[PDB]
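Only one structure is covered here, and it is reproduced in the block below.
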Amino acid sequence: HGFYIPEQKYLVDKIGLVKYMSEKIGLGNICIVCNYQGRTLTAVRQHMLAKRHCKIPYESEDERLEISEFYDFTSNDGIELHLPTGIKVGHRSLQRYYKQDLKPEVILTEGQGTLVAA
Amino acid sequence: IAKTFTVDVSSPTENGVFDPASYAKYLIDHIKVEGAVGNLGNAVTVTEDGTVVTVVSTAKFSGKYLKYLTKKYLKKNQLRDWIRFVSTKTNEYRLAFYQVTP
Amino acid sequence: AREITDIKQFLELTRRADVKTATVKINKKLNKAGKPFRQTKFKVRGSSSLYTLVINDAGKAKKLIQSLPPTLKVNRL
Amino acid sequence: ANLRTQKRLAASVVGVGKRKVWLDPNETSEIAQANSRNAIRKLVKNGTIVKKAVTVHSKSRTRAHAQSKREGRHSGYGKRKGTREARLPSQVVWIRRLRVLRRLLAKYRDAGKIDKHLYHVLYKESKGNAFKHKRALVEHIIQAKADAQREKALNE
RNA sequence: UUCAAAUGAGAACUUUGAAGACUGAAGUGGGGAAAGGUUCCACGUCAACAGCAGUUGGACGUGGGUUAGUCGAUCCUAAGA
RNA sequence: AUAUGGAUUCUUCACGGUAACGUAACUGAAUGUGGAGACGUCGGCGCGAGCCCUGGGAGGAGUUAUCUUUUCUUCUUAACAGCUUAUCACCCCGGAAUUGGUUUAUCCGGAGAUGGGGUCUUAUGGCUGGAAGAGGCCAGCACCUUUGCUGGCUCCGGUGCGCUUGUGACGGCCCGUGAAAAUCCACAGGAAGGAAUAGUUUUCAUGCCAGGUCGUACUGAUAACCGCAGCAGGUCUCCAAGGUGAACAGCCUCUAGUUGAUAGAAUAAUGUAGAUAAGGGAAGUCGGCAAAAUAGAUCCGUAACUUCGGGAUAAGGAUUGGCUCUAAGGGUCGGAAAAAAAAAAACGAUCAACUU
Ligand SMILES: [Mg+2]
Ligand SMILES: [Mg+2]
Ligand SMILES: [Mg+2]
Ligand SMILES: [Mg+2]
Ligand SMILES: [Mg+2]
Ligand SMILES: [Mg+2]
Ligand SMILES: [Mg+2]
Ligand SMILES: [Mg+2]
Ligand SMILES: [Mg+2]
Ligand SMILES: [Mg+2]
Ligand SMILES: [Mg+2]
Ligand SMILES: [Mg+2]
Ligand SMILES: [Mg+2]
Ligand SMILES: [Mg+2]
Ligand SMILES: [Mg+2]
Ligand SMILES: [Mg+2]
Ligand SMILES: [Mg+2]
Ligand SMILES: [Mg+2]
Ligand SMILES: [Mg+2]
Ligand SMILES: [Mg+2]
Ligand SMILES: [Mg+2]
Ligand SMILES: [Mg+2]
Ligand SMILES: [Mg+2]
Ligand SMILES: [Mg+2]
Ligand SMILES: [Mg+2]
Ligand SMILES: [Mg+2]
Ligand SMILES: [Mg+2]
Ligand SMILES: [Mg+2]
Ligand SMILES: [Mg+2]
Ligand SMILES: [Mg+2]
Ligand SMILES: [Mg+2]
Ligand SMILES: [Mg+2]
Ligand SMILES: [Mg+2]
Ligand SMILES: [Mg+2]
Ligand SMILES: [Mg+2]
Ligand SMILES: [Mg+2]
Ligand SMILES: [Mg+2]
Ligand SMILES: [Mg+2]
Ligand SMILES: [Mg+2]
Ligand SMILES: [Mg+2]
Ligand SMILES: [Mg+2]
Ligand SMILES: [Mg+2]
Ligand SMILES: [Zn+2]
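Chains as they are written, first to last, in PDB author numbering: chain y, 187 to 261, 300 to 342; chain U, 11 to 112; chain k, 2 to 78; chain R, 2 to 157.
Right under this line is the structure:
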């Protein structure tokens, strides 16, 4: 089916992350993703196999707040962005301004400079 | 028969903006095997040590596919335009920044 | 223009007294078995035409490089 | 400055249309100094000049309307314009039908299914539009061998 | 058709970027014959010419440019001379 | 020009193959015969090229609130040479009514079919060389009148009433039978020429030198030609992308190319070009002049008259979207000293089309 338990590293209650998921398809009979309500265990079951949702989304930031207990978590300017290491990273709109190399600073000799000041 | 693809998430990860956990959480769910998602038949392997991500599959799959699901996960988390997917050598790919300044 | 097969007769050509130059070219290819190997081509310029022998065997090849006249000018690769 | 020439050479060196040539507006003093191909060469690789991306003509829409076409999507009388003939000429469906049978009967002749006598009728008979399609043929054949065993088993 | 910048004594019209459009492969595309004869290209330049303009030009001034044993002429004969 | 090799000869100008013919060669004057050069047109089929469409994979960009194994793009191979490959024909075996073979197209066979086994034209393709060292695409480095250098990857296939074209074998037509020469080669002929201690030869391999004279830019047209001009006219041809659709029509887009035809401000009458109108429907006018209506397709129906071919799309009726289905329609394969600076150590499978 494709059922995957996010951060297998961090789980306390993982035997109870099984009980909260079987309460979605167990009683109220709900899909883990859709909100689709089957009438029977068959319904929610037949469907999970249908549009193919076996995955409990970790990407939704309200979904990390819902399933939070059964995990144990242990201890844009438009131009450049500011990283924690000191980095200034560029943007994909300027990609051809980056790639373009330009003229070096034009630097006079003590011979050429001297003659130009005089 | 097995083909194995390798991506290096080191550059963006170490600098604070990236999580190979979620990246390897995404790939697993969004690969399409002879059909819809979640169908990896022990025909597709996504595992990672945190500085790299491994991809190994007997099922239909490609270099371009890995690039497509890569770019799509970034725009979702808006790391697009701050990160670009390049090929270091054939079938081993690296994630990088455009401009790097101190 | 032409390719040579027989090596014994290839060697005669390597003198011929009018053949001034030649070259040794290496090609990474992969066989019917899909495995990388080194086939090498021996190209000897004659007056009006250019002969090239194909040795898909690196050994009998690399010793033939030890089979060449001291007179010849060889452009390596 | 007058940059016409620099744009011309750009199309020629890059080997692409003047449409697709980019000249950096901020580089307008430097590009001015180009004046020769090999100079433009340097500028091209440098990145002051760039060959712009091809504008897109997408086939996805057709491939959709193309995919649906093979599901028997719009065959409708109102979706037709030309005569039935001009669309798929009669003669053509024929030369399909004929070569299907002649190749069919041939195969049987050789594999022992039918001798050259049953072959010679059917050939002469098919060519007279006595057969609708390939199944209609095999039917007439099996009825031809069945009765021949109806004329064989009463002679025993 | 429109916006900015560049150049400029000066910009509706030149150069570049941007956006909008047209020819839409029987083309406003790429090559030739006949005819043109330097109109090609570049540096200078704006009195006169381009029925508005002009910093641009098929204009003006100074120069550079056309490399064949195999492409043509050449040879052959056609109606004819 | 010629020299070396190869071949040929005491059976002088070679041998093999039943034959069609084969080969690295294998004397041939006068003169004679013969071939190429050398030719309409249309039809439909057969094949090849490029194009188009298209799956997998290796790159690179685009879009991503939601969606889409996505959208676009690079993935290329010349003249020449070697091996090999064909429809037509032709050769040997065979001797056929139970008439067989067979083209889309009905032609052929005791003047020797089917069938069996072979020969050939090399148009065309396939491999190899030419040739990856080229080009093409991605990632890097340095360098600014140095100029380049380094890495990677260039892959493997599919489909067809498609398009453009080349070509093949045929067919229809003619009181129409659809150029000539230069040139080149073949054959007949047997002049003449020559071997045994030596000779013949350049239609075989290789090697050596030479290739004159003139044309060679650009335009080929809404600005380079002719129209007294930078004129809405005229002027010979090749290549030809996707979609709609019968379609080289119209309508939109890609590769390339323009954005150039004096501008601003208003929005009266008259206008030119373009549209629409209640009830009426030619009452207008010399005259239905102009406009209007009808139009594609599939089905049904189709008169007098006729030189029996037509007339005829006669007239005249019905249907046409979108969506989900149903059935029918195929192919392949298997049964001197001190300090400092600087330098150096009948099935079954599979494959793919659309068309009704
Ligand atoms: Mg048609
Ligand atoms: Mg159609
Ligand atoms: Mg018919
Ligand atoms: Mg203007
Ligand atoms: Mg248009
Ligand atoms: Mg138009
Ligand atoms: Mg033009
Ligand atoms: Mg030209
Ligand atoms: Mg000019
Ligand atoms: Mg000038
Ligand atoms: Mg004027
Ligand atoms: Mg003036
Ligand atoms: Mg002049
Ligand atoms: Mg020469
Ligand atoms: Mg010639
Ligand atoms: Mg003749
Ligand atoms: Mg290729
Ligand atoms: Mg080749
Ligand atoms: Mg050839
Ligand atoms: Mg090769
Ligand atoms: Mg290369
Ligand atoms: Mg075809
Ligand atoms: Mg034509
Ligand atoms: Mg020219
Ligand atoms: Mg033209
Ligand atoms: Mg005109
Ligand atoms: Mg005059
Ligand atoms: Mg055409
Ligand atoms: Mg089309
Ligand atoms: Mg079209
Ligand atoms: Mg302009
Ligand atoms: Mg005017
Ligand atoms: Mg009215
Ligand atoms: Mg009314
Ligand atoms: Mg009325
Ligand atoms: Mg009246
Ligand atoms: Mg009146
Ligand atoms: Mg009248
Ligand atoms: Mg009228
Ligand atoms: Mg009538
Ligand atoms: Mg009618
Ligand atoms: Mg309907
Ligand atoms: Zn669901």
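Heads up, the beta-carbon is just placed ideally off N, CA and C, and yes, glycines get one too.
Determine the chain R residues that contact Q319 of chain y at a beta-carbon separation under 8 Å, and present them in chain order. Under the 8 Å cutoff, chain R gives no residues; its nearest Cβ is about 10 Å from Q319 of chain y.
State yes or no: is the beta carbon of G214 of chain y nearer than 9 Å to at least one beta carbon in chain U? no
Just to confirm my understanding: we take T41 of chain k, look at its own chain, exclude 5 residues before and 5 after, and list those with CB closer than 6 Å. What are they? Residues of the same chain with a CB within less than 6 Å of the CB of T41 of chain k, apart from the 5 flanking positions on each side, are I27, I56, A62 in chain order.
Per-residue contacts from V51 of chain R into chain y (C-beta, under 9 Å): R320, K323, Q324
Note down, one range per segment and in chain order, each alpha helix (DSSP H) of at least 4 residues found wholly within the region 209-242 of chain y. Taken in chain order, the unbroken stretches of alpha helix (DSSP H) that lie wholly in the region 209-242 of chain y and span 4 residues or more are 227-233.
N47 of chain R: contacting residues in chain y (beta-carbon distance under 8 Å): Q324, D325, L326
Can you round the beta-carbon distance between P22 of chain U and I93 of chain U to whole angstroms, since I take them to be within the 8 Å contact cut? 6 Å
Residues in its own chain within less than 7 Å of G314 of chain y by CB, not counting five upstream and five downstream? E304, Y322
How long is the line joining the alpha carbons of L69 of chain k and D91 of chain U, rounded to whole angstroms? 59 Å
Spatial neighbours of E245 of chain y in its chain, beta-carbon cut-off 8 Å, leaving aside the 5 residues before and after: none
Indicate whether at least one CB of chain U lies closer than 9 Å to the CB of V313 of chain y. yes
Helix, strand or coil for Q40 of chain k per DSSP? In the structure shown, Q40 of chain k falls within a strand segment according to DSSP collapsed to helix, strand and coil.
In whole angstroms, what is the alpha-carbon distance linking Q324 of chain y and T49 of chain R? 6 Å
For the putative contact between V65 of chain U and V56 of chain U, defined by C-beta atoms under 8 Å, what is the C-beta separation to the nearest angstrom? 6 Å
Span of the alpha helix (DSSP H) around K46 of chain R: 38-47
Do we get a CB-CB distance below 9 Å when we pair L197 of chain y with the residues of chain U? Chain U contact via Cβ: absent.
Taking Cβ positions, are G202 of chain y and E255 of chain y nearer each other than 9 Å? Yes, the pair counts as a contact, with Cβ atoms nearer than the cut-off.
Contacts of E86 of chain R in chain y (Cβ-Cβ under 9 Å): Under the 9 Å cutoff, chain y gives no residues; its nearest Cβ is about 47 Å from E86 of chain R.
Could you tell me which chain y residues have their CB closer than 7 Å to the CB of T111 of chain U, listed as they occur along the chain? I311, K312
Which full runs of the alpha helix (DSSP H) of 4+ residues lie inside the region 308-340 of chain y, going along the chain? Those alpha helix (DSSP H) runs which fall completely within the region 308-340 of chain y and span 4+ residues are 319-323.
Mind checking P71 of chain k: buried by the 16 CB within 10 Å criterion, or exposed? exposed
Between the region 41-54 of chain U and the region 227-247 of chain y, can you find at least three pairs of beta-carbon atoms closer than 8 Å? Output reads yes: the region 41-54 of chain U touches the region 227-247 of chain y.
With a threshold of 9 Å between beta-carbons, can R94 of chain U be considered close to chain y, or not? yes
Who are the near neighbours of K77 of chain U in its chain, counting only those whose CB is closer than 8 Å to its CB and skipping five residues on each side? Cβ neighbours of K77 of chain U beyond the five flanking positions: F95, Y103.
Verify whether the separation of the beta carbon atoms of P308 of chain y and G60 of chain U is less than 9 Å. no
At a CB-CB cut-off below 8 Å, which residues of chain U make contact with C217 of chain y? Simply none; closest approach about 14 Å.
When the Cα atoms are used, what is the spatial distance from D18 of chain U to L105 of chain U? About 6 Å.
Extent of the continuous alpha helix (DSSP H) run through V139 of chain R: 135-149
Classify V51 of chain R: buried if its beta carbon has 16 or more other beta carbons within 10 angstroms, exposed otherwise. For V51 of chain R, the number of other beta carbons within 10 angstroms of its own is at least 16, and it is reported as buried.
Closer than 8 Å is the cut-off here; do at least three beta carbon pairs connect the region 79-96 of chain R with the region 32-40 of chain U? no
For a test of the three-state rule: what should DSSP assign to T111 of chain U, helix, strand or coil? strand
Tell me, please, whether the CB atom of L79 of chain U is closer than 9 Å to any CB atom in chain y? no
Could you give the DSSP three-state label for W23 of chain R: helix, strand or coil? strand
Would you kindly check if the distance between the Cβ of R16 of chain k and the Cβ of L51 of chain k is under 9 Å? no
How about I218 of chain y: is its Cβ closer than 8 Å to a heavy atom in ligand 43? yes
Within-9 Å CB hit, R225 of chain y to chain U: no
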